[PDB]
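To start, the structure under review is shown below, and the notes come after it.
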Amino acid sequence: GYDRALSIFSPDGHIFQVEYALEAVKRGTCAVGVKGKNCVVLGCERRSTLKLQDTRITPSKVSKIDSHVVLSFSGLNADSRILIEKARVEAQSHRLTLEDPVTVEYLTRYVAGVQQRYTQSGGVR
Amino acid sequence: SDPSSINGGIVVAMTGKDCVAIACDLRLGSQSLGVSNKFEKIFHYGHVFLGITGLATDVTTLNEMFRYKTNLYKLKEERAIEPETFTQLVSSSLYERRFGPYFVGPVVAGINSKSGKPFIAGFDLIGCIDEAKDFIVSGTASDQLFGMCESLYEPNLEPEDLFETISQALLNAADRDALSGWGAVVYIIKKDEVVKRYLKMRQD
Amino acid sequence: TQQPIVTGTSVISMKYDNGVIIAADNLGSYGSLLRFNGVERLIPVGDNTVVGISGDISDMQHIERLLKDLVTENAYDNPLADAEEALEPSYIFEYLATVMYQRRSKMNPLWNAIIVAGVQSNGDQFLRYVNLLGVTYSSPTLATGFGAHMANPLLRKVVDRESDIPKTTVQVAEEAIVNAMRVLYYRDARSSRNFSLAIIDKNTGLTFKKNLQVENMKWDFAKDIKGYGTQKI
Amino acid sequence: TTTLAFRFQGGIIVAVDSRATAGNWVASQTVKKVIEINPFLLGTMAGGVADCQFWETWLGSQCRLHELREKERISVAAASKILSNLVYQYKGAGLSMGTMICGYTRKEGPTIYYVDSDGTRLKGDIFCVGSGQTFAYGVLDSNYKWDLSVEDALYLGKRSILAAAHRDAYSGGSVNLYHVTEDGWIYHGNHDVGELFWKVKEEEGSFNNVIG
Amino acid sequence: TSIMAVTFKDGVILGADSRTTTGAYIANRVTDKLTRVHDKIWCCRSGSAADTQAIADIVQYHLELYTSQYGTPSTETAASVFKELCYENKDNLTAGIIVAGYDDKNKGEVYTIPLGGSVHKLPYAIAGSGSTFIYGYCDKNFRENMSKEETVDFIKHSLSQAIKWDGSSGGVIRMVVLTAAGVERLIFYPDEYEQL
Amino acid sequence: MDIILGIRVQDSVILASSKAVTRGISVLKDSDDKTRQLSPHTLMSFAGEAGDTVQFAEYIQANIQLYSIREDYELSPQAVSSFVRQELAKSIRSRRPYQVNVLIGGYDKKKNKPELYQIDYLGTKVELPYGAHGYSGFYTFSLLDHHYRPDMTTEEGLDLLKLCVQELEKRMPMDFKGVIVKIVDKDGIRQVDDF
Amino acid sequence: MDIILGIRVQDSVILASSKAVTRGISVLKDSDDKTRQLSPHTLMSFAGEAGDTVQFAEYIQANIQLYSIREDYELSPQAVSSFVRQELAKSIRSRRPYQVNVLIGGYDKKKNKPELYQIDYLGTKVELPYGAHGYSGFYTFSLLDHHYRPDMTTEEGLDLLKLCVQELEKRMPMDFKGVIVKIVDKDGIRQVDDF
Amino acid sequence: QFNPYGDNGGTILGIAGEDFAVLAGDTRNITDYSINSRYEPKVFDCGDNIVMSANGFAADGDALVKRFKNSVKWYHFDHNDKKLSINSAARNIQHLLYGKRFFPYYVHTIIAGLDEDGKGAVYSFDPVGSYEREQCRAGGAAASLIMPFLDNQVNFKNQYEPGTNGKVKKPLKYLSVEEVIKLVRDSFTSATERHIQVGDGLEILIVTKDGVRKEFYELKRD
Amino acid sequence: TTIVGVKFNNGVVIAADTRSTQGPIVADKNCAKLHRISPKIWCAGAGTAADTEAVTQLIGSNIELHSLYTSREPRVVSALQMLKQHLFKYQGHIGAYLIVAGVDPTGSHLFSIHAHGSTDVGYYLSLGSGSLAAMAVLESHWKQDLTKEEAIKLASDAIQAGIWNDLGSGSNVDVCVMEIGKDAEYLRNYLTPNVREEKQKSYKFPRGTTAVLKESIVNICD
Ligand SMILES: *[C@@](C)(CO)[C@](*)(O)[C@H](CC(C)C)NC(=O)[C@H](Cc1ccccc1)NC(=O)[C@H](CC(C)C)NC(=O)[C@H](CCc1ccccc1)NC(=O)CN1CCOCC1
Ligand SMILES: *[C@@](C)(CO)[C@](*)(O)[C@H](CC(C)C)NC(=O)[C@H](Cc1ccccc1)NC(=O)[C@H](CC(C)C)NC(=O)[C@H](CCc1ccccc1)NC(=O)CN1CCOCC1
Ligand SMILES: *[C@@](C)(CO)[C@](*)(O)[C@H](CC(C)C)NC(=O)[C@H](Cc1ccccc1)NC(=O)[C@H](CC(C)C)NC(=O)[C@H](CCc1ccccc1)NC(=O)CN1CCOCC1
Ligand SMILES: [Cl-]
Ligand SMILES: [Mg+2]
Ligand SMILES: [Mg+2]
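Protein chains in written order, with full-length UniProt numbering: chain A, 3 to 127; chain B, 2 to 205; chain C, 34 to 266; chain D, 76 to 287; chain E, 20 to 215; chain F, 1 to 195; chain G, 1 to 195; chain H, 20 to 241; chain I, 30 to 251.
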């Protein structure tokens with residue numbers, strides 16, 4: 003198996019691969035979240051250099067993780083699908099064992115834990 | 002389906018100074034289910050006492066059989082049967098069913114009216130006589146009774162003291178056995194008086 | 034899960050004032066067939082330990098190879114291999130006891146009963162038993178198979194407890210062993226006349242006696258025995 | 076064993092005996108068959124002692140890890156399901172367990188779950204578990220009402236174990252009582268059947284089958 | 020057991036070891052397996068000790084009652100009575116018996132009766148668990164019309180080997196000579212026969 | 001066959017017996033009377049192996065009726081119970097034993113007392129204030145230990161019996177289709193039609 | 001576990017499932033719901049080995065719910081039934097197979113038709129107008145062969161179902177403590193509270 | 020077919036006092052009807068004032084003691100030479116036993132020592148790891164003989180105050196070390212009389228705050 | 030059980046231990062295993078206890094009737110023949126293992142009988158679970174031309190070997206000497222090397238310790 007440590011420290015105490023991953027987020031389309039007194043709203047930008055698009059079938063920017071939680075993102079589109087899939091599976095697993103849907107904090111903690119694991123595992127970016 | 006441990010129960014006997022004692026519990030059950038708490042296991046034919054443990058139907062049958070036989074004995078002999086002689090009769094009757102036996106553990110106790118000597122005996126299911134100076138045990142808690150008797154017993158105990166020893170032997174043995182208990186009876190037997198006492202014990 | 038094929042019968046042993054004695058016959062039985070007659074079942078380890086083995090012979094030969102290899106491995110990087118860091122009887126036993134219990138726990142035992150006899154570096158007598166189940170015990174006298182039933186009673190008349198060990202000489206001890214072997218020839222149907230004996234003394238060391246025979250036997254009274262009950266001829 | 080627990084107006088009553096057996100040998104009369112998982116959760120034990128004792132104490136460790144991770148006490152449902160999912164993994168291997176997980180939480184209220192070694196998990200108001208469960212049911216069912224007082228409910232639980240202790244050969248020793256409220260579980264003492272039987276017989280006038 | 024019977028010029032000789040076992044324990048090391056059913060008609064017993072003894076006792080009773088009415092019975096007649104008991108009770112018996120006897124008309128004769136209860140007249144016969152190891156030896160060394168000394172040596176050497184290889188055989192070698200002269204008992208001890 | 005119960009009160013003996021007869025996965029009948037009158041003041045209920053039960057009950061009935069005619073006299077409940085026990089005690093060591101368990105309820109006219117006897121297929125006899133055969137006892141005995149008193153009336157005994165049937169209908173796995181109830185007292189034997 | 005029934009009528013599918021849970025000689029519960037909603041218009045009832053039943057039902061439930069979230073779309077009853085069959089077909093050659101029999105009732109919104117599937121623990125699937133698992137079928141199939149028509153209403157289907165339960169309560173040996181009834185149609189899944 | 024279990028006989032006994040605790044056991048070792056050794060100890064000092072005995076199949080017994088002794092050694096290495104309390108030892112032993120739940124150690128285990136308040140403590144285990152603290156326990160071949168005697172003499176079971184109409188029980192009290200040793204000796208002589216696998220010798224280990232003392236007594240050798 | 034028989038100059042001697050077992054439990058500590066068939070013919074019995082007593086009493090009864098019928102003292106071979114044919118008929122189901130010995134007009138005799146009905150002759154014999162321990166002693170110390178006192182010593186020594194080494198055997202040694210021309214002497218408890226030591230404590234209870242519910246006088250008279 004491919005083992006190489008890709009995410010490592012530099013002399014100044016930075017992990018460049020993690021910081022360069024932030025640059026990919028900066029390149030991505032804008033996404034905003036605002037919460038009111040009795041609601042939350044998620045807004046997302048879509049770039050207009052792409053005409054002749056089919057909006058029926060094109061992957062939407064906001065994804066349902068469960069019937070009560072949603073997830074939007076900024077950055078590499080392909081990478082986001084992997085996180086969304088893992089989150090959706092964990093959501094159903096939680097309902098199965100705890101007999102209660104996930105809290106938003108719990109779901110976030112899981113997704114964040116996956117992202118962290120990919121910063122100190124060999125052979126992955 | 003082990004005939005000797007379906008119903009449960011115990012019997013113990015002891016000797017003292019010019020006296021004998023025989024005791025038993027009152028339980029009759031069907032495996033885990035307790036059914037009756039009035040099922041006495043000690044019987045007597047004249048001055049000779051017989052205790053029987055094991056399969057309850059055979060306990061009843063053998064009592065009825067030995068009443069039958071001792072009644073005829075007395076009519077022909079014109080005297081009461083003695084413990085030594087009755088012991089031989091029990092042995093003969095059990096061995097007669099060698100290859101289809103009564104599933105029982107009998108115990109004889111009494112005082113010979115001629116000599117005055119205290120006498121006890123035990124048997125296995127096919128009739129082997131087990132004579133003893135000190136004590137005889139029988140039933141589903143025989144291991145427990147053997148341990149209690151071997152430590153508590155001393156020779157030449159007075160009737161009042163002997164009562165305490167045999168009662169404590171039975172009670173503490175019964176409480177370590179699931180199929181024994183639910184009450185107890187003790188018989189103190191002197192040359193020409195016999196006292197019967199019911200013991201207070203835990204009812205579980 | 035095994036069944037034993039070629040088998041060896043009793044191994045007997047005891048302690049005396051200055052050391053230990055051990056013996057076993059030279060037979061390799063194939064069921065009722067007395068197949069092999071030149072089989073040595075006492076195996077020395079150094080000049081201070083003898084291991085006597087009964088049961089399956091193929092498993093015995095495997096244990097021989099393990100002991101042989103243990104000597105080799107102990108000599109590696111060990112300047113004191115023939116002195117302070119030599120193999121003790123207690124080391125050899127504990128190794129075998131470990132193996133026997135591990136094999137039974139894997140449901141694939143070495144089908145044997147083993148007695149390790151020897152003298153320690155401080156002069157103390159060593160005698161301990163181990164079998165296919167991994168069961169271990171020690172006693173002034175030890176025996177396997179039929180020996181346990183017939184030899185032990187005879188050997189316990191000489192040494193009945195610990196305090197009888199200083200009062201027992203090597204002459205008296207050997208006499209009792211040799212007698213016990215004769216009794217086994219009379220009464221064990223898988224024994225032979227030929228046997229080996231080994232003495233380990235704290236002063237005179239290891240003495241290994243081969244090709245011994247059972248002698249001074251009583252058979253003459255057989256001529257007087259006729260029939261099985263009422264026959265007079 | 077005989078164990079029970081029932082739900083009522085004033086919370087949950089839990090009652091157990093204290094006998095342990097190996098065949099007909101009475102091995103102990105003083106065994107603890109209730110396990111205190113936390114101030115709001117209880118577990119009852121029937122079947123194999125080692126199995127029950129080992130895995131229910133394991134269950135407590137898993138419940139403690141939940142509240143450390145989630146900053147909140149575990150639900151009775153989630154606690155019972157950890158145990159039922161564990162024993163399901165071992166299904167066929169020969170584990171022997173009849174357990175009841177009892178407790179109170181805000182979202183659930185007073186709750187009882189039956190969990191056993193062949194994987195059965197059931198929510199319910201009344202359960203009796205063990206070799207003497209039928210004897211306990213007989214008394215409990217015939218005297219149960221939802222509107223029982225705390226005092227009367229405690230007694231009925233005690234009296235039901237006593238009934239089983241008397242008739243079942245593999246039940247006895249003493250009765251251990253527990254009451255579970257919105258504030259947590261409360262212990263209501265150890266009661267020896269040696270003294271309790273006669274006390275109940277005299278005061279109540281019951282047990283006329285026995286020689287007084 | 021190892022047992023055999025051999026005919027020769029002057030009559031017939033029976034031979035046997037003296038070992039009785041329970042598993043691997045020797046219950047008797049000086050057993051007599053050669054047993055009299057009539058003056059000059061004997062038998063070698065193998066198999067179950069209880070069965071063979073009970074059979075031999077019944078035969079001896081039959082031949083004693085035969086003699087009282089019809090005089091001395093033939094060796095064939097004796098074998099027939101053994102057969103009748105062994106065959107009709109084959110389901111309940113474990114007995115391998117050799118029958119041997121001396122007539123003046125018929126001289127020496129040997130009948131063997133295996134487990135099934137069949138009868139076989141032979142010049143010589145071997146049986147028992149130890150016999151398996153000496154089929155080769157006995158076939159190569161047996162001659163007809165041997166002398167007394169030659170026949171004693173043949174049986175001694177044969178049983179020696181049977182004993183050497185069979186764990187269920189051992190002890191002393193008992194023999195019984197049957198001739199016109201009478202009945203002679205011989206015994207041979209381990210120190211002699213082992214080093215042959 | 002399955003459920004048979006018995007309760008002895010002050011002045012009477014009450015027997016309750018299930019009405020169902022089931023073979024395989026089919027309830028063949030729901031009105032079966034599992035009892036026989038042995039004499040005017042003695043009643044026997046029964047349960048066990050198919051065929052054996054009725055064959056045994058009627059055999060006992062015939063023998064007791066024969067005795068009554070011969071002596072012009074009614075045997076006591078104690079005497080009848082002893083006869084039945086001995087017949088079962090003989091049976092257990094036969095080539096093919098009777099697999100039948102019975103309850104005998106009777107009123108002794110000489111003693112003016114009700115009597116209830118429980119006898120199993122081995123010939124194990126006991127006199128009891130209340131009794132049951134089979135799995136029924138695992139519920140009813142503990143219940144009766146609590147609610148039973150020795151000085152109860154017949155009406156009180158019927159209410160006590162309703163409490164047993166209700167519990168069995170709640171906790172028993174099989175549908176036994178209710179019970180037929182009969183009372184034995186000084187005036188003989190009668191059936192309760194509405195239960 | 002024991003009794004599960006299913007009937008497909010003109011515009012709906014009706015599932016009836018027994019409420020009893022019995023272990024040994026004790027009915028531990030009389031209000032057990034032997035079903036799980038897999039999706040808004042699909043319902044699965046189940047019966048079989050203790051533990052296996054609920055474990056299997058919830059495992060299927062989780063997988064179908066996962067699919068719904070991923071695709072934002074409801075799988076057809078036919079598609080769900082095929083997924084369930086394959087899982088049971090895998091199971092039967094495992095080290096320890098799931099011993100669970102199921103009925104799947106659903107309303108296909110694209111076809112505007114009700115559908116009922118019967119699947120056993122081996123993975124044997126069939127689409128049927130009416131179905132049953134276990135010993136229930138030995139009574140209900142012949143009954144439905146007589147009284148069932150394809151154009152019946154939901155109310156007619158409920159009366160037809162009452163006729164089945166009545167027969168089972170008359171002839172079945174065990175007390176199954178009644179049934180919970182649920183209807184699946186164009187408007188989803190609902191429970192009948194008074195049956 | 021190979022049978023991995025055997026029975027080595029013998030019996031063991033543990034009693035606890037106010038400031039002490041004893042663990043006794045006979046020295047006889049047997050297989051079937053033969054004696055293997057008249058003196059083969061099976062009660063061991065395991066360190067930290069904890070004594071232990073695992074009676075039944077000797078090979079499993081030795082293995083368990085060996086593993087617990089080693090568990091004490093590593094407890095010191097990993098937790099700065101901290102003393103392993105009797106309650107902690109008991110829990111650790113449950114895990115040792117239950118680890119082989121599906122191929123069990125065939126033994127009855129008893130440990131003895133002082134608790135953290137200095138008071139006497141006795142714990143007892145079944146073959147698969149259940150445990151319970153008690154004042155009193157007998158284990159092994161003669162357990163059924165000795166245990167009921169202990170209920171009567173240590174815990175005063177079935178004994179009432181004379182003249183009180185069986186209403187007042189005999190009050191519980193701690194026994195002196197002298198009185199306890201008397202009960203142990205009598206228990207084993209009685210067991211020797213009526214059980215064939217018990218005899219030869221008796222070895223008692225006493226545990227106080229001062230340490231672990233030994234006493235030996237002869238038993239009948241038949 | 031351990032039982033033996035030894036021949037000497039002018040007769041024969043037999044011996045036996047006195048332990049009776051019930052599994053691993055000692056039922057009787059001093060039971061008699063030496064049986065009288067006739068005055069000068071005696072029997073040592075091992076195996077099933079009820080069978081050995083019943084078979085010895087039946088043959089003993091028939092031997093007495095035979096003796097009276099023939100006006101002759103009974104012979105050992107007659108007892109032997111009657112025992113073997115009875116045991117054979119029952120195909121081993123009557124579990125009696127006997128050593129038969131005695132003196133009669135023909136001389137002194139020593140035989141053994143097994144349960145299936147086979148018999149053996151010998152100068153020295155041993156039966157029972159401790160027969161191997163006893164036979165080891167007999168094979169070691171037996172010689173031709175033993176005196177009376179030498180034979181008693183050898184026989185009791187062989188029984189002792191069984192007592193100490195066999196778990197099936199124990200307690201005391203019983204002996205019976207049968208010499209030609211003299212009465213047979215039955216030496217009950219010839220050796221008693223297993224006396225129970227003094228107990229450490231008296232377990233005499235204070236009067237009133239046991240709780241009582243009812244008292245009543247029992248009528249034994251007519
Ligand atoms: C009521 C009292 C009856 O079931 C309860 O159900 C209690 C449950 C409470 C205490 C948690 N159950 C028992 O007491 C339980 C019944 C039982 C027995 C065996 C298997 C399953 C259930 N008893 C036990 O678990 C006893 C506990 C005491 C201390 C002896 N343990 C044993 O019987 C052990 C271990 C059993 C075992 C399980 C799995 C694999 C192997 C073994 N067995 C022994 O100690 C062996 N035996 C004791 C008798 O002496 C010879 C050796
Ligand atoms: C050689 C040994 C083999 O051919 C000879 O044939 C001799 C014949 C001589 C003695 C006439 N055979 C034996 O010694 C014979 C071997 C034998 C064993 C079992 C069945 C058939 C043959 N041994 C015996 O007959 C002994 C004699 C006793 C010890 C004095 N008897 C037993 O071993 C009995 C036999 C019971 C029996 C079984 C089947 C058919 C008939 C009888 N068996 C036991 O006592 C069982 N024993 C219990 C303890 O465990 C070991 C076995
Ligand atoms: C030594 C001890 C063993 O080599 C001796 O051989 C002695 C012989 C003397 C006493 C004559 N043998 C015994 O002590 C003998 C051992 C034994 C056990 C079982 C079968 C054969 C031999 N003990 C007995 O025979 C006892 C005698 C009692 C203690 C007075 N009897 C039992 O143990 C009976 C055996 C009954 C039996 C029936 C059918 C076939 C064979 C044997 N068993 C019981 O009593 C056990 N159980 C008690 C509960 O009720 C049911 C029976
Ligand atoms: Cl023979
Ligand atoms: Mg109870
Ligand atoms: Mg002994």
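Here a beta-carbon is modelled for each residue, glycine too, at the ideal position from N, C-alpha and C.
Item: Among all the DSSP beta bridges, which residues are the ones paired with A:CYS46?; Value: A:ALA33
Item: Rounded to whole angstroms, what's the CA-CA distance from C:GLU118 to H:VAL41? Just pull it up for me.; Value: 40 Å
Item: Within its chain, find whatever has a CB closer than 7 Å to the CB of B:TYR96; leave out the 5 residues flanking it on each side and keep chain order.; Value: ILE127 and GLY128
Item: Hey, D:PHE83 and D:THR180 are a contact pair by Cβ (cut 8 Å); roughly how many whole angstroms apart?; Value: With a Cβ gap of about 18 Å, D:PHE83 and D:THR180 do not count as contacting.
Item: Any beta-carbon of chain B closer than 8 Å to the one on D:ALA90?; Value: no
Item: How about E:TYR44: is its Cβ closer than 7 Å to a heavy atom in ligand 4?; Value: no
Item: With a threshold of 7 Å, establish whether the CB of D:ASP243 neighbours any heavy atom of ligand 4.; Value: no
Item: Would a C-beta distance cut-off of 8 Å place I:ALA44 and I:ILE188 closer than the cut-off?; Value: yes
Item: Would the beta-carbon of B:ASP178 be found less than 7 Å away from any heavy atom of ligand 5?; Value: no
Item: Counting only Cβ pairs nearer than 9 Å, list the residues of chain H close to D:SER224.; Value: Within 9 Å Cβ-Cβ: nothing; D:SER224 doesn't reach chain H, min ~31 Å.
Item: With H, G and I counted as helix, E and B as strand and the rest as coil, what does DSSP make of I:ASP133?; Value: strand
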